[PDB]
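Per the authors' numbering, the sequence shown runs over residues 6 to 117, 150 to 474, 482 to 529. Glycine included, each C-beta is placed from N, C-alpha and C at the ideal position. Okay, structure first, notes after.
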Amino acid sequence: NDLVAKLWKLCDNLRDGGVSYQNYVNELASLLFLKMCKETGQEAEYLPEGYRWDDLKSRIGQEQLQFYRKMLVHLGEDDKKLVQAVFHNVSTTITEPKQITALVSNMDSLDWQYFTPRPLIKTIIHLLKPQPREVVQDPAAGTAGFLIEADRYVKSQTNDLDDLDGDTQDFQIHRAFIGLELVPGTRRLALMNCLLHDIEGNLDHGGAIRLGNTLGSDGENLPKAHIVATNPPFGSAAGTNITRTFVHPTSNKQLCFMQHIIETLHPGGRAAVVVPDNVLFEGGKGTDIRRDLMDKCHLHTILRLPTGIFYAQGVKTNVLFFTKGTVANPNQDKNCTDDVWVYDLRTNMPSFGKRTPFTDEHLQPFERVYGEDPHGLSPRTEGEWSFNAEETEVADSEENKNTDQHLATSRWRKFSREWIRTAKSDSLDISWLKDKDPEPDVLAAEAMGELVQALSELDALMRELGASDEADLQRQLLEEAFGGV
Numbered sequence: 006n007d008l009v010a011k012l013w014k015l016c017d018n019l020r021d022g023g024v025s026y027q028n029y030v031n032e033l034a035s036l037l038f039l040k041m042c043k044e045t046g047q048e049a050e051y052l053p054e055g056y057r058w059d060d061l062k063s064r065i066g067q068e069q070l071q072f073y074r075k076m077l078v079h080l081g082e083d084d085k086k087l088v089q090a091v092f093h094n095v096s097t098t099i100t101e102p103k104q105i106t107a108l109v110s111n112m113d114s115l116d117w150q151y152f153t154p155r156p157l158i159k160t161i162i163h164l165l166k167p168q169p170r171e172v173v174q175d176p177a178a179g180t181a182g183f184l185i186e187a188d189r190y191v192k193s194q195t196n197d198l199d200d201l202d203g204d205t206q207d208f209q210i211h212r213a214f215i216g217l218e219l220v221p222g223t224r225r226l227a228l229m230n231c232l233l234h235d236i237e238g239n240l241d242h243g244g245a246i247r248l249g250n251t252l253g254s255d256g257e258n259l260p261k262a263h264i265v266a267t268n269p270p271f272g273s274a275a276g277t278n279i280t281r282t283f284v285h286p287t288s289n290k291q292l293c294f295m296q297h298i299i300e301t302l303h304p305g306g307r308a309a310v311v312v313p314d315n316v317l318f319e320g321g322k323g324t325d326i327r328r329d330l331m332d333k334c335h336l337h338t339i340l341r342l343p344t345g346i347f348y349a350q351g352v353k354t355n356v357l358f359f360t361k362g363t364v365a366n367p368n369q370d371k372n373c374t375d376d377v378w379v380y381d382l383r384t385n386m387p388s389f390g391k392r393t394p395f396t397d398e399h400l401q402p403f404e405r406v407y408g409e410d411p412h413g414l415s416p417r418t419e420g421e422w423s424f425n426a427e428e429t430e431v432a433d434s435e436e437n438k439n440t441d442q443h444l445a446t447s448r449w450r451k452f453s454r455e456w457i458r459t460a461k462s463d464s465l466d467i468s469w470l471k472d473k474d482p483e484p485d486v487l488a489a490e491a492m493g494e495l496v497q498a499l500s501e502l503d504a505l506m507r508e509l510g511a512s513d514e515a516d517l518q519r520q521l522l523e524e525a526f527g528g529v
């Protein structure tokens, strides 16, 4: 039915990927199984480390097809005969690298928004403190919200540019701010926004916001920047093909933006990037890119945002604050990150909505402890108990290990690089507070039952698709009977 039709659409990738109608189900079953094991929440018990859904899903292109082949072989040969019995003599018939990438991501988002809270924008620009002569970039301009605010901040510190010499004024008007938007419709609105804000940008490109793909040619043709404040798209984003090579090729749109942001920043540059929880915990290439970030950049602060502050809803978001290299050594290539400060402004927070609005008041505590230095070098000391932090349930995890009662309830805590490396296995999904009081492995299990049911039926349509010119004209003979009404 609905599930079978949904599985069918995916076979379109297999069809155009080199796969025959006879192996559709086989191809799908494999991927679905790996995907389900993850959804179960205990893939650690079924699949071997290094060969799980994230390891395949995060990769892209040929690098992905070859990994898939290597993974099919590794699974079909081992003593863990349990899983082995499912991948024994199993091999994919996919040849088109663009097709597998399209398939894995397609079902990854299978089932069983350019809005940013104003107070968040204000806060982000306030902590970045953009100065004149600094080029502020926005890879995902949208309606130019961050740029307009960055410009507003600069004007509020220079009497609307009047404290600066004409030449610097021209810089602020034509070169200080740059954006890039994929959707022409949105870019138009963004263009009108800057224009009425006296932000002319470069006439060669239409103005401050350029039209194009950050993950494409336009992305690398973009000029470097001193500052980057952006809220890239969530999910698998819109029609944005990753036709650009990165230090670590990925199928994760968000992790691609991160790689771009790390690249355009001048040495000593600084950025604030709004990201989803996935970016912090995703494995596979996700771990490589996160290690790359903490190598090439000095990630110093992580703000875990509440829920329901975005027009979306069930999206967990954060804000990473970091510097390209280090203030002392703007060109450092490695070990830039040492101590990472995290501020939990999510767990045990007032359910935000039109009733409970998210205001600047909710961000003042965090901005206080943060410091006045835009590079997060102002003196800091763990200890912040706002929004009833003391009445929040403390979680029992590595984060709170050997931690005293008072600190384990603080919304402001620091973690070392070695700790993140060891305990967290290089994951930035750091949390040490439990929120107040179905089931994954249970939902996944029942779900799998149905997929299996669907998969069988779907196979029949093939197994029983008696190849001949009979079904060709017999099927259209029914169409020869009109349709509808």
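- 8 Å or more divides the Cβ of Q150 from the Cβ of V265.
- Around the CB of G276, fewer than 16 other CB atoms lie within 10 Å, so the residue is classed as exposed.
- Between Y380 and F403, the C-beta spacing is below 8 Å.
- Between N289 and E257, the gap from beta carbon to beta carbon reaches 8 Å or more.
- A residue is called buried once 16 or more other Cβ atoms fall within 10 Å of its Cβ, and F214 is buried on that count.
- Scanning its chain for C-beta atoms nearer than 7 Å, with the 5 sequence neighbours on each side dropped, one finds around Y73 the residues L61, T97, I105, in chain order.
- Going by DSSP, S193 is part of no beta strand (DSSP E) at all; its letter is neither H nor E.
- In the structure shown, the three-state DSSP call for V24 is coil.
- If you keep only unbroken beta strand (DSSP E) runs of at least 3 residues inside the segment 234-283, you get 246-248, 262-267.
- Beta-bridge partners of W449 (DSSP): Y380.
- In the pairwise beta carbon analysis, the segment 498-513 is classified as not touching the segment 70-89: fewer than three pairs are separated by under 8 Å.
- Sequence-distant Cβ neighbours of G408 in its own chain, meaning closer than 8 Å and more than five residues away, are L414, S415, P416, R417.
- With at least 16 other beta carbons inside 10 angstroms of its own, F452 counts as buried.
- Pairwise C-beta distances place the segment 187-201 out of contact with the segment 423-439, as fewer than three of them are shorter than 8 Å.
- The straight-line gap separating the alpha-carbon atoms of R225 and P154 is approximately 21 Å.
- With respect to the 8 Å criterion, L252 and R281 are classified as neighbours on the basis of their beta carbons.
- In the three-state scheme derived from DSSP, where H, G and I count as helix and E and B as strand, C334 is classed as strand.
- Around the beta carbon of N425, fewer than 16 other beta carbons sit within 10 angstroms, so the residue counts as exposed.
- The beta carbon of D463 sits closer than 7 Å to the beta carbons of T324, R327, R328, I457 from its chain, once the five residues preceding and following it are set aside; these are given in chain order.
- By the C-beta density criterion, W449 is buried, having at least 16 other C-beta atoms within 10 angstroms.
- Proximity to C373 across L382, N385, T360 peaks at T360, based on C-alpha coordinates.
- Among the bridge pairs identified by DSSP, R341 is matched with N355, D381.
- Scanning its chain for C-beta atoms nearer than 6 Å, with the 5 sequence neighbours on each side dropped, one finds around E186 the residues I158, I162, in chain order.
- C-alpha of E514 to C-alpha of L522: approximately 12 Å in a straight line.
- Contact between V529 and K471 fails: their C-beta atoms lie close to 58 Å from each other, not under 8 Å.
- In the DSSP assignment, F294 falls outside any beta strand (DSSP E) and within the unbroken alpha helix (DSSP H) covering 290-301.
- With contacts defined by Cβ atoms closer than 8 Å, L164 and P411 form a contacting pair.
- Restricting attention to alpha helix (DSSP H) runs no shorter than 4 residues, the segment 155-211 encloses them at 155-165, 182-192, 203-211, ordered along the chain.
- Taking 8 Å as the cut-off, the Cβ atoms of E427 and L444 do not count as close.
- Per DSSP, the continuous beta strand (DSSP E) segment holding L217 begins and ends at 214-218.
- Per DSSP, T374 lies in no alpha helix (DSSP H) segment and is marked neither H nor E.
- Rounded to the nearest angstrom, the gap between the Cα atoms of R170 and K75 is 51 Å.
- Secondary structure of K361 (DSSP, three-state): strand.
- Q291 and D199 have their C-alpha atoms roughly 39 Å apart.
- In chain order, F347, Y348 place their CB closer than 7 Å to the CB of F152, counting only its own chain and leaving out the 5 sequence neighbours on each side.
- The beta carbons of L228 and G244 sit closer together than 8 Å.
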